[PDB]
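Architecture at a glance
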Amino acid sequence: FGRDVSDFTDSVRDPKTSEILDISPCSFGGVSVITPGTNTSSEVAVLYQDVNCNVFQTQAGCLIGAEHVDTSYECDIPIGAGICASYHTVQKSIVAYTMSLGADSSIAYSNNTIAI
Amino acid sequence: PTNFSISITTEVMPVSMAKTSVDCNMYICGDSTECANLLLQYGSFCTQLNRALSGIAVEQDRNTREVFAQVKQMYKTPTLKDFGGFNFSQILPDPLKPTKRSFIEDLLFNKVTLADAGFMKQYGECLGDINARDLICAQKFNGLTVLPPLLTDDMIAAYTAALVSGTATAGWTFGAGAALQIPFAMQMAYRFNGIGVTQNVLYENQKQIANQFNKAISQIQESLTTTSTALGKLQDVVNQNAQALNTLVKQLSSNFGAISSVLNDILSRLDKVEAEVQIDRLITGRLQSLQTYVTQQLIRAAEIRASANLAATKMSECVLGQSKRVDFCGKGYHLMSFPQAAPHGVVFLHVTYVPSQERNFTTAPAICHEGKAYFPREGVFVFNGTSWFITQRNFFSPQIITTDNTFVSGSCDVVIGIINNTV
Amino acid sequence: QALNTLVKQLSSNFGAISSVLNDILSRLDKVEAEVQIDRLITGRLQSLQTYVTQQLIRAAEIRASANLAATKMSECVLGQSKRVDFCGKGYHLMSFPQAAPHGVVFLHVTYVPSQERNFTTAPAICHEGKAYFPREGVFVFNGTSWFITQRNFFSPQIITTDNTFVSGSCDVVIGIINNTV
Amino acid sequence: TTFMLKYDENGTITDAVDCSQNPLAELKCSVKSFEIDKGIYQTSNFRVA
Ligand SMILES: *[C@@H]1O[C@H](CO)[C@@H](O[C@@H]2O[C@H](CO)[C@@H](O)[C@H](O)[C@H]2NC(C)=O)[C@H](O)[C@H]1NC(C)=O
Ligand SMILES: *[C@@H]1O[C@H](CO)[C@@H](O[C@@H]2O[C@H](CO)[C@@H](O)[C@H](O)[C@H]2NC(C)=O)[C@H](O)[C@H]1NC(C)=O
Ligand SMILES: *[C@@H]1O[C@H](CO)[C@@H](O[C@@H]2O[C@H](CO)[C@@H](O)[C@H](O)[C@H]2NC(C)=O)[C@H](O)[C@H]1NC(C)=O
Ligand SMILES: *[C@@H]1O[C@H](CO)[C@@H](O[C@@H]2O[C@H](CO)[C@@H](O)[C@H](O)[C@H]2NC(C)=O)[C@H](O)[C@H]1NC(C)=O
Ligand SMILES: *[C@@H]1O[C@H](CO)[C@@H](O)[C@H](O)[C@H]1NC(C)=O
Ligand SMILES: *[C@@H]1O[C@H](CO)[C@@H](O)[C@H](O)[C@H]1NC(C)=O
Ligand SMILES: *[C@@H]1O[C@H](CO)[C@@H](O)[C@H](O)[C@H]1NC(C)=O
Ligand SMILES: *[C@@H]1O[C@H](CO)[C@@H](O)[C@H](O)[C@H]1NC(C)=O
Ligand SMILES: *[C@@H]1O[C@H](CO)[C@@H](O)[C@H](O)[C@H]1NC(C)=O
Ligand SMILES: *[C@@H]1O[C@H](CO)[C@@H](O)[C@H](O)[C@H]1NC(C)=O
Ligand SMILES: *[C@@H]1O[C@H](CO)[C@@H](O)[C@H](O)[C@H]1NC(C)=O
Ligand SMILES: *[C@@H]1O[C@H](CO)[C@@H](O)[C@H](O)[C@H]1NC(C)=O
Ligand SMILES: *[C@@H]1O[C@H](CO)[C@@H](O)[C@H](O)[C@H]1NC(C)=O
C-alpha cells in the first residue's frame, strides 16, 4: 500500500498483474447557487468553480442558467472576478455582466486657466 | 533653516487577505457514505462555520471597496506626464505598454511571491502529474477552496491611476464632489503656502524642486528594485494564509483516541456497532480542528479590518488633501501623496518637505521704538549681523522691520529682553 | 441568532445513545449512564465555550466602533474639524448627534461649492520691475482687468499693496503679466 | 434519501422538500428554510456516484 502526508491510501499494487494503481477522490471542485429570491422566482443559476466547459465562462468558472449582457450596470449580486448577476427584463431572467467602476469623465489641463 | 530638500517615503499597509471557504462534509467524513449518517446526528455544526466564514469573505471585499473606490469620477490619463518640469512618468500608466499598470506597480507586483492559486484547478490537473505533490491539489481534494476576489487587479490599478491623475490635474479640489482644474505650479505653491513658508520659494527655485522630485522618484525605484525585504507585511499575509490551510490538511492523520486515523480501515475490520465509536471520535477531533481554524481566521480578520480602516483614513486624508497632523502622512512636513496598488495591500508615496541647513542667529523677544513695545506679527526677529530683521521660522528671508509686520501693545517695562531699534 | 443556535444545539447526540437525558438515566444503571452523561456534558461545554469566544470576538469590533464614534462626537460635534472626509463629505461646518437603538446617528452640516466659472490667471504681476506675489489667493482675469480673489468664492477685489507682498525681481518667476496696483 | 418535513401548529405534515432533486432544494436543506432571499450561496461540492 501507499500513504500520503495525510493518512490515506493513494497507491495500491494490483494483486493479480502487479502494476501500481493510483487512487483519487471522486468528488472535486466547488459549486455555488445564485437565486433572485424565492418570492420573486424559483429559477437559479449554478456557478462551478473548477471547470472549463446558456453557459458562459468567467474567470471564477463556468456559469450556467443565465444570459450574457454586454452593458455594464452596478453590482447587486457580487460574483467573483468582477462579474455580477441581476434579475432583468430580457418575462425576466438572470443576466451576467461586468461591474461598472464609475462614471467616465475628462478634465482639460491648462497652465494658464483656473476654475473658481 | 536656510535650505530645504524634498524627500519621498513609502508606506505599506495591507487591506485584505485570502478569501477561503471549507466543505466540512468532505474534509471530515470523506466519501464514506456510512459515516455521513453519524455526521447528521452530531448536529448542524457546519452551518455556523460556513456562515462565520462567509462574513469574512464579504468583509474582505468591503475593505477593498472602501480603500480604493473613493472617487466617483474616473478621470482619464492626462497623456502629458510632464507638468511644469515635474516628471509624472513611471507612476501613471503608459498607453504603449502591454499591462495596464505603471512601472512602479509592476515592480511591487513582482516582489510578492504569491502561492498562485489559479482559481481554476481542474480535475485533469490534479489527476495527472501527481508526482509533483502540489499543496493546492491536496487542499481542494479535502473541500478547502479559495474564492477569487470581486475586484480584479486591473480595476484596482485603474482606480489608482484615476486617483493619481486627479491629484495631478484637479489637485486638492476633487476631495469634494466637484474638481477644479489647476496647473501643477500654483497647486504646489498653495501646498507650500499651508506649510508655513511663502509662495516665493517655489516660483524662484522650481528647477531645484523638480530635480529633487525626479531624483527622489528614481531613488524610490532603485530601492524597490534592489531591496529584498520591502513588502514583508504583505508577504506575511500570504505566508500565514497558506500555512493555516497546509496545517489543516496535515491534521487529517491524527488518531483522536481511535485505532487508526484513516477510515475505510476501521469500517473494513470492525462491524457497524464497534466502528461507530471510533468514527465518532474522529468526527469530534476533526470538528474541533475546523473550529480552531475558523476562530484563528476570525481573529486575523479583525486585525486585517483594522489595518484596512487605517489605510482608508490615510488615503482620504493624505491623498485627497493636505494634512497638518505630525508624523501621520510622512516623516516631516506633508505636501502631497500618491497611492499605488500592491498584492493584497496599498503602497503610499508621501512627498514631504525637510529643512536641511541651519544658521545661528541671536534674537530678542521684542523691540522698543519710542517707549512702546513692538511685538512680532508672525515670526521672530533676528540679528543678521548689521541690523535687526524679521523672518519666518521655516526659511531665512530677511525683511526690514516696519509697522506692517509688527503690532504695538503695552510698554517697554514688562517684557524681558527688549532691544532698541527702529521700524 | 447566536442565542437561538445555542438553544437548538441541545438536541445533538455527542456520541451518546440519545440527546435527551432522563432517558439514558431511565434505561441504564448508574455506572453505564455516566459515560453518556459525560459525553453530553463535554459536547455542551464545548458549545458554550464556542459561543463565549464568538461573543468576545464580536465585542472587540463593537468596542472599536464605539471608540470611533466617541472620537467623532468629540471632534465634529464639539468643534469644527479640518480633517478631509472625516465628519462629512465636503467642508465641515457643524454636526448634530441623535440617539438610535444600540447606536448613534450623526447629522453633518457641510459646505459644497456648486457653480464653476473659467478664469485665465498669472502667477504674479510686475508693477515697476519687482515681483508682486499674492498674499492669500490667486489673481484672475475677470475680463476687463486683473483682480485678486479667494479660492472658494469668486469675490473680485482691486489689487493693492495690502493684498500682495513684494519679493525678488521679475526675472526668476515664470508667467509675470504686467499690471498696476 | 434525505427529506425535510414541515409541521404546522397541529400535528400534521403539509409540505416536504428533497435534498437532492434540485440545487435550490439542496440549498434549502442546507439553510433549513422554505424561503430564500436574493444572493449567491455556497452549497456542497459537486459529488459523483
Ligand atoms: C493471476 O492470474 C491471471 C489470470 O489472468 C494472470 O494474468 C495473466 O498472466 C499471463 C502471464 O502469466 C498473461 O499472459 C495473461 O495475459 C494474463 N491474463 C490477464 C487476463 O491479465 C496473472 O498474471 C496472475 N498473476 C500472478 C501473480 O501469477
Ligand atoms: C540648496 O541646496 C541645493 C542642492 O540641494 C543647491 O542647488 C544646487 O544643487 C546642485 C546639486 O547639488 C549643485 O550642483 C548646485 O551647485 C547648487 N546650486 C548652487 C550652489 O547655486 C542650492 O543652491 C542651495 N541653496 C539654495 C538657496 O537653494
Ligand atoms: C521622465 O522620466 C522617464 C523615465 O526615466 C524618461 O524617459 C526616459 O527618457 C530618457 C531621456 O530622454 C531616455 O533615454 C529613456 O529611454 C527614457 N525611458 C523610457 C522608459 O522611455 C522621460 O524622458 C522623462 N521625461 C522628461 C524628462 O520630460
Ligand atoms: C388546526 O386545527 C385548528 C383547530 O381546528 C384549525 O383552525 C381553526 O380553528 C378554529 C378555532 O380556533 C376552528 O373553528 C376552525 O374550524 C379551524 N379551521 C379549520 C379549517 O378546521 C386549523 O385550520 C388546523 N390547521 C390545519 C388543518 O392545517
Ligand atoms: C480553459 O478555458 C479557457 C477559456 O476560459 C481556454 O482558453 C483554455 O484553453 C482552457 N484550458 C484548458 C486547460 O483546457
Ligand atoms: C551654532 O552655535 C553653536 C554654539 O557655538 C554651535 O554648537 C553650533 O554648531 C552652531 N551651528 C551652526 C549651524 O553653525
Ligand atoms: C546683514 O544684512 C546686510 C544687508 O545689507 C548684509 O550686507 C550683511 O552682510 C548682513 N550681515 C551678515 C550676513 O552677517
Ligand atoms: C541668559 O542667561 C545668561 C546666563 O546663562 C544670563 O547672564 C543672561 O542675562 C540671560 N539673558 C537674558 C536675556 O535673560
Ligand atoms: C534701550 O533704551 C532704554 C531706554 O532708554 C535703555 O534703558 C536701554 O539700556 C537701551 N538698550 C537696551 C539694549 O535695552
Ligand atoms: C471652461 O473651459 C473649458 C475649456 O473650454 C470647458 O471644457 C469647460 O466646460 C468650461 N467650464 C465652464 C464652467 O464653463
Ligand atoms: C470685469 O469687471 C468689470 C468691473 O467694472 C465689469 O464691468 C466687467 O463686466 C467684468 N468682465 C467680465 C465679467 O467679463
Ligand atoms: C502653456 O502651455 C502651452 C502649450 O500647451 C505653451 O505654448 C505656453 O507657452 C504655456 N504657457 C506658460 C505660461 O508656460
Ligand atoms: C511686461 O513688461 C516687460 C518689461 O518691459 C516686457 O518684456 C513684457 O513683454 C511685458 N509683458 C508681459 C506680458 O510680460
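Basis of the calculations
Residues numbered from 1 in each chain as written, not as in the entry; some residues may be left out. Chains lettered and ligands numbered in written order. Part of a larger assembly, values for the part shown. Heavy atoms only, no water. Contact = heavy atoms within 4.5 Å. Buried area = accessible area lost by both parts, 1.4 Å probe. Salt bridge = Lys/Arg side-chain N within 4 Å of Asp/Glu carboxyl O. Polar contact = N/O pair within 3.5 Å; in protein donor to acceptor, adjacent residues only side chain to side chain. Helix = DSSP H or I, 4+ residues; strand = E, 2+ residues; numbered from the N terminus. Nonpolar A, V, L, I, M, F, W, Y, C, P; charged D, E, K, R; others polar. Disulfide = S-S within 2.5 Å. Buried < 20%, exposed > 50% of the residue type's maximum accessible area, 1.4 Å probe, protein only.

Listed as the method for this PDB entry is cryo-EM; the listed resolution is 3.38 Å.

Chain D goes by Spike glycoprotein in the PDB entry, where it is assigned to Bat SARS-like coronavirus WIV1. Each PDB entry has a title, and for this one the record gives "Cryo-EM structure of the spike glycoprotein from Bat SARS-like coronavirus (Bat SL-CoV) WIV1 in locked state".

Per the PDB entry, chain C goes by Spike glycoprotein and derives from Bat SARS-like coronavirus WIV1.

1. What about the interface of chain B and chain A?
Each side of the interface is counted separately: chain B has 43 residues, and chain A has 44 residues. For the chain B and chain A pair, buried surface summed over both sides reaches about 3700 Å², with 62% attributable to carbon and sulfur atoms. Interface area lost by chain B to chain A is led by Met120(B), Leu150(B) and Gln181(B), which between them contribute 16%. Counting every contact that joins chain B to chain A gives 2 salt bridges. Ionic pairing is found between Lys76(B) and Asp104(A), a salt bridge with its closest N-O pair at 3.6 Å. Between chain B and chain A we count 10 residue pairs in polar contact in total.

2. A word on the interface of chain B and chain C
The interface is formed by 34 residues belonging to chain B together with 31 residues belonging to chain C. Across the chain B to chain C interface the summed buried area is about 3000 Å²; carbon plus sulfur atoms make up 52%. When the buried surface of chain B facing chain C is broken down by residue, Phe45(B), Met186(B) and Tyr203(B) rank first, second and third, together holding 16% of it. Here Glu317(B) makes a salt bridge to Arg83(C), at a shortest N to O gap of 2.6 Å. Viewed at the interface, chain C and chain B are joined by 6 residue pairs in polar contact. Elements supplying a minimum of two residues to the side of chain B that touches chain C: α3 (45-68), α8 (184-193), α9 (200-226) and α12 (272-319) of chain B. No other element matches the 9 residues that α12(B) contributes to the side of chain B that touches chain C. Grouping the constituent residues of the side of chain B that touches chain C by class yields 12 nonpolar, 15 polar and 7 charged.

3. Considering the state of the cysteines
Every disulfide links exactly two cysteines, by a covalent bond between their sulfur atoms. Scanning all chains against the criterion turns up 10 disulfides over all chains. A disulfide bridge connects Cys75(A) with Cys84(A), and the sulfur atoms are separated by 2.0 Å. Its S-S torsion of approximately -100° makes the covalent link between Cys75(A) and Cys84(A) left-handed. Counting its disulfide-bonded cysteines in sequence order, chain C shows a connectivity of 1-2, 3-4. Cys26(A) carries a free sulfur, and the closest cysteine sulfur to it, the one in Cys126(B), is 14 Å from it. Judged by relative accessible area, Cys26(A) falls into the partly exposed class, the value being 49%.

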